[PDB]
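In what follows, a single structure is set out as structure tokens and then discussed.
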Amino acid sequence: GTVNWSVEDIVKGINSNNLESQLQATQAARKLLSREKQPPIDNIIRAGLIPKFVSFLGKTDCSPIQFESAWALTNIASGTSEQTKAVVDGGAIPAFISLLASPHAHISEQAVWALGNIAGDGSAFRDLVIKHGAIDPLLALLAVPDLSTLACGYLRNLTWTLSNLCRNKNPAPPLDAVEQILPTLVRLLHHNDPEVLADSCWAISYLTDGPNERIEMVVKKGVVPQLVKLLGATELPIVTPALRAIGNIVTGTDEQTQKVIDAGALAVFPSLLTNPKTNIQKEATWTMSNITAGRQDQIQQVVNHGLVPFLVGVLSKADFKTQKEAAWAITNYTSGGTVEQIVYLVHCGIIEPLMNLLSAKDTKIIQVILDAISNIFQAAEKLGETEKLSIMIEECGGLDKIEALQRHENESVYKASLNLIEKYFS
Amino acid sequence: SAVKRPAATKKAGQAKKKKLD
């Protein structure tokens, strides 16, 4: 029937003055466009079919051609930016928004999907979709007493599309749009479907990826406890964005960071910092590094939750990028910590693995580690214990590495090392 | 003297989706 049509035959059917011939040809186009191997998107665009598809979106008396055209355009918009632009340039945005209110659930859903692809292209198209008034009708589709009454695929698509309206920066989405969307997002974040939860977490991770003011908008909605709960989920597609969101939040103020701690986030970290998925371990360690950049009472919570041994662990053995985040966690800890907290660090065995990493080629991690060592020595100075530390560092081959770093070509490195040598190793 | 650091890498869900059926 409509399987494997040539583009010329599709054009012929669409240019016929016959609505049923146009429907068949549009369906043929939809099938070409939904084939996994190189759908001929550019050939379809070149044939000038987008404006025709867009006009078909308005055919209220022929819902089948609305659906087929909506599907065809969705798949063109799913392509490159240039391909998405062709769809927008054809006037698709207002046409799809009008379709959100369709009495046909499958058509409304397709329009949600298409708008998701358009918004997903970038900040400009996202903002243009918002300007055409998409948010109101989208939110209206979710204005039900219990989300569980909605078709699963339908809910997932709405969640995903809303996440794209939250996505991207330079600029971030309009403050008013974010305020408008958040209460619905908070609701979706409490739903029970893993895909809805994952995409709700993605949206929250985008919204918290910015200045403290953007973080505050989210934190004020009280979602942190739910994020921490999702941090403990078994589904990796949920934990990944949940953890990015939590990590973003702790890049904010000390107070915003405290809400994460208050919600019990630290108790999940023994598992996160030993997680078999490398990226989870890395993001969790990054997150830890920002928490140890906090107040002394927050560093103390890290101590109380027994997380210093886990940091020693990651520093001792982990993917290198993870070890780098650990190094940062330690330097931040030593920067803001009390003498007793810093001493505890040494007692947990931080020195040897810290020394071992000085063989790294990465210039920045070397600077970070040397800073930590300087900080630790400072604490020791205030206890008259520099000698015993000097010996510790020498016993594990640390002094050898620091001595060599005087020959390091980077200025700040061969400076910092010289300073340590001439001040504690004479 | 500890400064907070934003993520080094972009992390996001799928920006666009093709409908297969």
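Every chain in the structure tokens takes a letter, A first, then B, and so on in the order presented; its residues are numbered from 1, and the ligands are numbered from 1 following the presented order.
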Practice task
Using only C-alpha atoms, select each residue of chain B with any atom at most 7 Å away from an atom of chain A, and give the selection as a ChimeraX atom specification.
Solution key: /B:1-6,12-13,15-20
Handout entry: Residues near residue A:401, cut-off 8 Å, only C-alpha atoms, skip fewer than 3 positions along chain, as a VMD selection string
Key = chain A and resid 355 358 to 359 397 to 398 404 to 405
Would you write out those residues with N, CA, C and O atoms, as an mmCIF file, in the first residue's frame?
```cif
data_model
loop_
_atom_site.group_PDB
_atom_site.id
_atom_site.type_symbol
_atom_site.label_atom_id
_atom_site.label_comp_id
_atom_site.auth_asym_id
_atom_site.auth_seq_id
_atom_site.Cartn_x
_atom_site.Cartn_y
_atom_site.Cartn_z
ATOM 1 N N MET A 355 50.414 10.976 47.787
ATOM 2 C CA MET A 355 51.774 10.981 47.266
ATOM 3 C C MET A 355 51.881 10.212 45.955
ATOM 4 O O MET A 355 52.565 10.650 45.030
ATOM 5 N N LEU A 358 51.235 11.991 42.675
ATOM 6 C CA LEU A 358 52.151 13.038 42.234
ATOM 7 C C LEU A 358 52.929 12.619 40.993
ATOM 8 O O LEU A 358 53.630 13.429 40.386
ATOM 9 N N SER A 359 52.799 11.351 40.617
ATOM 10 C CA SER A 359 53.439 10.839 39.412
ATOM 11 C C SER A 359 52.566 11.095 38.186
ATOM 12 O O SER A 359 52.964 10.811 37.056
ATOM 13 N N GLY A 397 57.827 7.512 49.724
ATOM 14 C CA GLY A 397 58.429 7.962 48.482
ATOM 15 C C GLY A 397 57.902 9.307 48.026
ATOM 16 O O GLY A 397 58.118 9.712 46.883
ATOM 17 N N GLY A 398 57.213 10.004 48.923
ATOM 18 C CA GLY A 398 56.640 11.301 48.609
ATOM 19 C C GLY A 398 57.686 12.387 48.438
ATOM 20 O O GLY A 398 57.593 13.208 47.526
ATOM 21 N N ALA A 404 61.636 16.095 42.853
ATOM 22 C CA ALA A 404 61.679 16.094 41.395
ATOM 23 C C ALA A 404 60.849 17.229 40.801
ATOM 24 O O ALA A 404 61.210 17.800 39.773
ATOM 25 N N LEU A 405 59.737 17.550 41.457
ATOM 26 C CA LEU A 405 58.821 18.577 40.964
ATOM 27 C C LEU A 405 59.457 19.963 40.926
ATOM 28 O O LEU A 405 58.914 20.887 40.323
#
```
Exercise for the section: Extract, using only C-alpha atoms, all DNA, RNA and protein residues at most 12 Å from residue A:175, discarding same-chain residues fewer than 4 positions from it, and format them as a PyMOL selection string. Expected result: chain A and resi 127+130+165-166+171+179-182+207+213-218
Those selected residues, please, written with N, CA and C atoms and delivered as a JSON list (two decimals), in the first residue's frame.
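Final output, out10.json:
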```
[["chain", "number", "residue", "atom", "x", "y", "z"],
["A", 127, "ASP", "N", 12.86, 28.80, 23.44],
["A", 127, "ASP", "CA", 12.25, 30.07, 23.80],
["A", 127, "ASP", "C", 11.16, 30.49, 22.82],
["A", 130, "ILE", "N", 8.06, 28.52, 23.67],
["A", 130, "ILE", "CA", 7.44, 29.17, 24.82],
["A", 130, "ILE", "C", 6.69, 30.45, 24.41],
["A", 165, "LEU", "N", 11.87, 21.98, 27.67],
["A", 165, "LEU", "CA", 11.59, 23.39, 27.94],
["A", 165, "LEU", "C", 12.42, 23.90, 29.12],
["A", 166, "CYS", "N", 12.93, 22.98, 29.94],
["A", 166, "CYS", "CA", 13.81, 23.33, 31.06],
["A", 166, "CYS", "C", 15.29, 23.30, 30.68],
["A", 171, "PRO", "N", 20.73, 31.56, 26.69],
["A", 171, "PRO", "CA", 20.36, 31.78, 28.09],
["A", 171, "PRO", "C", 19.59, 30.60, 28.68],
["A", 179, "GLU", "N", 8.95, 29.14, 36.62],
["A", 179, "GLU", "CA", 8.04, 29.19, 37.77],
["A", 179, "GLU", "C", 6.72, 28.52, 37.43],
["A", 180, "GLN", "N", 6.28, 28.71, 36.18],
["A", 180, "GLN", "CA", 5.04, 28.13, 35.70],
["A", 180, "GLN", "C", 5.09, 26.60, 35.65],
["A", 181, "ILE", "N", 6.22, 26.06, 35.19],
["A", 181, "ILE", "CA", 6.40, 24.62, 35.02],
["A", 181, "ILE", "C", 6.67, 23.85, 36.33],
["A", 182, "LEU", "N", 7.36, 24.49, 37.27],
["A", 182, "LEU", "CA", 7.88, 23.77, 38.45],
["A", 182, "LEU", "C", 6.86, 22.94, 39.26],
["A", 207, "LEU", "N", 17.56, 22.67, 35.54],
["A", 207, "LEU", "CA", 17.13, 23.89, 36.23],
["A", 207, "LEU", "C", 18.13, 24.29, 37.31],
["A", 213, "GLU", "N", 20.59, 31.69, 42.24],
["A", 213, "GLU", "CA", 19.19, 32.09, 42.13],
["A", 213, "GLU", "C", 18.34, 31.04, 41.42],
["A", 214, "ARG", "N", 18.91, 30.39, 40.41],
["A", 214, "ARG", "CA", 18.19, 29.33, 39.72],
["A", 214, "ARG", "C", 18.06, 28.11, 40.62],
["A", 215, "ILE", "N", 19.14, 27.77, 41.31],
["A", 215, "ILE", "CA", 19.12, 26.68, 42.28],
["A", 215, "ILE", "C", 18.05, 26.93, 43.35],
["A", 216, "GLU", "N", 17.96, 28.18, 43.82],
["A", 216, "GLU", "CA", 17.02, 28.52, 44.88],
["A", 216, "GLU", "C", 15.58, 28.24, 44.47],
["A", 217, "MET", "N", 15.23, 28.61, 43.24],
["A", 217, "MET", "CA", 13.89, 28.37, 42.72],
["A", 217, "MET", "C", 13.48, 26.91, 42.88],
["A", 218, "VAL", "N", 14.43, 26.02, 42.67],
["A", 218, "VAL", "CA", 14.15, 24.59, 42.76],
["A", 218, "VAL", "C", 14.11, 24.13, 44.21]]
```
Practice task
Return the single residue from A:257, A:16, A:285, A:300 that is closest to residue A:315, with distances computed using only C-alpha atoms.
Solution key: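 Of the candidates, the smallest distance to residue A:315 is held by A:285.
Across the model, the gap from atom CA of residue A:234 to atom CA of residue A:273 is 15.2 Å.
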With only C-alpha atoms as the counted atoms, please give the residues lying no more than 8 Å from stretch 88-98 of chain A, apart from itself and same-chain residues fewer than 4 positions off, as a tab-separated table (two decimals) with N, CA and C atoms, in the first residue's frame.
```tsv
chain	number	residue	atom	x	y	z
A	50	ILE	N	7.32	20.19	3.37
A	50	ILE	CA	7.03	20.66	4.73
A	50	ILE	C	5.81	21.57	4.81
A	51	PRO	N	5.73	22.60	3.95
A	51	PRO	CA	4.54	23.46	3.98
A	51	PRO	C	3.24	22.67	3.78
A	54	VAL	N	2.48	20.87	6.99
A	54	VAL	CA	2.01	21.85	7.96
A	54	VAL	C	0.55	22.24	7.72
A	57	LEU	N	-1.81	19.73	9.12
A	57	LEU	CA	-2.01	19.77	10.57
A	57	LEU	C	-3.32	20.45	10.92
A	58	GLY	N	-3.79	21.33	10.04
A	58	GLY	CA	-4.99	22.11	10.30
A	58	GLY	C	-6.29	21.48	9.82
A	70	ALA	N	1.67	14.97	11.36
A	70	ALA	CA	2.31	15.27	12.65
A	70	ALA	C	3.49	14.33	12.87
A	84	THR	N	15.47	20.55	11.72
A	84	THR	CA	14.50	21.11	12.66
A	84	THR	C	14.09	22.52	12.24
A	102	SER	N	-6.39	18.75	20.75
A	102	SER	CA	-7.14	17.80	19.94
A	102	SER	C	-7.92	16.83	20.83
A	111	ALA	N	1.75	15.93	18.78
A	111	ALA	CA	2.08	17.35	18.79
A	111	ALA	C	3.00	17.65	19.97
A	112	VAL	N	2.74	17.01	21.11
A	112	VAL	CA	3.64	17.13	22.26
A	112	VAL	C	5.04	16.68	21.85
A	114	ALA	N	6.40	16.40	18.79
A	114	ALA	CA	7.02	17.29	17.81
A	114	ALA	C	7.59	18.55	18.48
A	115	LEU	N	6.84	19.12	19.42
A	115	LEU	CA	7.28	20.33	20.11
A	115	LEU	C	8.52	20.03	20.96
A	118	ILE	N	11.49	20.15	18.61
A	118	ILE	CA	11.80	21.53	18.28
A	118	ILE	C	12.50	22.23	19.45
A	129	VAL	N	9.22	28.34	21.12
A	129	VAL	CA	8.08	27.49	21.46
A	129	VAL	C	7.32	28.08	22.67
A	132	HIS	N	5.28	31.17	21.60
A	132	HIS	CA	4.04	30.85	20.90
A	132	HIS	C	2.96	30.32	21.85
A	133	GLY	N	3.29	30.21	23.14
A	133	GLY	CA	2.30	29.89	24.16
A	133	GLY	C	2.10	28.40	24.43
A	134	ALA	N	3.16	27.62	24.32
A	134	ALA	CA	3.04	26.18	24.48
A	134	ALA	C	2.78	25.73	25.92
A	137	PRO	N	-1.17	25.08	27.44
A	137	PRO	CA	-1.87	23.87	26.98
A	137	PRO	C	-1.14	22.58	27.34
```
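For the atom pair formed by atom CA of residue A:374 and atom CA of residue A:416, the distance is 8.4 Å, given to one decimal.
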Problem - Closest of A:317, A:305, A:259, A:408 to residue A:281 - atom-to-atom distances counting only C-alpha atoms - result: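 That would be A:317, the residue with the smallest distance to residue A:281.
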Problem - Test item: residues at most 9 Å from residue A:351, only C-alpha atoms, excluding those fewer than 6 positions along its chain, as a count of residues only - result: 8
Exercise for the section: Between A:316, A:363, A:208, A:275, single out the one closest to residue B:7, counting only C-alpha atoms. Expected result: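 Of all the options, A:208 lies closest to residue B:7.
Close contacts of residue A:5, defined as residues with an atom at most 10 Å away when counting only C-alpha atoms, with chain neighbours fewer than 6 positions off set aside, comprise residues 25, 27, 28, 29, 31 and 32 of chain A.
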Pull N, CA, C and O atoms from the residues just selected and write them as a CSV table (one decimal), in the first residue's frame.
```csv
chain,number,residue,atom,x,y,z
A,25,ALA,N,-0.5,9.4,0.5
A,25,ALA,CA,0.9,9.9,0.2
A,25,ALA,C,1.6,10.3,1.5
A,25,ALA,O,2.8,10.1,1.7
A,27,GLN,N,1.0,9.3,4.5
A,27,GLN,CA,1.3,8.1,5.2
A,27,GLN,C,2.6,7.4,4.7
A,27,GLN,O,3.4,7.0,5.4
A,28,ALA,N,2.6,7.4,3.3
A,28,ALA,CA,3.8,6.8,2.7
A,28,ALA,C,5.1,7.6,3.1
A,28,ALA,O,6.1,7.0,3.3
A,29,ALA,N,5.0,8.9,3.2
A,29,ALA,CA,6.0,9.8,3.7
A,29,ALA,C,6.4,9.4,5.1
A,29,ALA,O,7.6,9.3,5.5
A,31,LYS,N,6.1,6.6,6.6
A,31,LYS,CA,6.8,5.4,6.7
A,31,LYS,C,8.2,5.5,6.2
A,31,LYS,O,9.1,4.9,6.8
A,32,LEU,N,8.5,6.2,5.1
A,32,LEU,CA,9.8,6.5,4.7
A,32,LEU,C,10.6,7.1,5.9
A,32,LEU,O,11.7,6.7,6.2
```
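Taking atom CA of residue A:258 and atom CA of residue A:212 as endpoints, the distance between them is 13.7 Å.
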